[PDB]
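Just one chain is shown here, as structure tokens, and it is the form deposited in one PDB entry.
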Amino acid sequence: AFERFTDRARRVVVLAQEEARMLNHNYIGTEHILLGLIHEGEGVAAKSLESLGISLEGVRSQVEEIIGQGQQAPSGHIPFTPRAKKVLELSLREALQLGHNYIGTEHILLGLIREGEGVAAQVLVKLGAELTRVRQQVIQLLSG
């Protein structure tokens, strides 16, 4: 659970919620987690996506093409979709397997890849970043 998330990882989740709000969405989908990871800017996830050429602009374009926006933004908390819940569950396991009791931004990105089937994965594939390529980039940047 979130007590294990690093400060940056917690911020990724908050950013995902506010990305959804600003798109007038009323759920946090995997694509909002992806946007949150890019927004966070500092962590290993942000650096992995930037180094693959995956930008806020490319992801926003694809999310608008695939999901579009709502008419009216919601207030209060915006619930996770079932797939986003699965991504966050999987992030715990990714972090443990990489030897960490904390969940950092990279483990959220790895859990997103591991789920592999939501809007974020469609976006990444459309932008030319196959999931295995993202996973390899994360591992390579951690190997430094």
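Between two forms, the rigid core is defined as the largest C-alpha subset superposing within 1.5 Å. A residue's number is simply how far along the shown sequence it sits, counting from 1.
Note that the form deposited in another entry isn't included here; everything after this is about it.
- When the two forms are superposed on their rigid core between this form and the one not shown, the C-alpha shift of 2 Å or more among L49, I113, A84, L35 belongs solely to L49.
- Relative to the superposed core, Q122 shifts its CA atom by 2 Å or more between this form and the one not shown.
- The Cα shift for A95 between this form and the one not shown, taken after rigid core superposition, is smaller than 2 angstroms.
- Once both forms are fitted on their rigid core, the CA atom of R135 lies 2 Å or more apart between this form and the one not shown.
- Relative to this form, the distance between the C-alpha atoms of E19 and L56 is increased by at least 3 angstroms in the other form.
- Relative to the shown form, the Cα atoms of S55 and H25 move apart by 3 Å or more in the other form.
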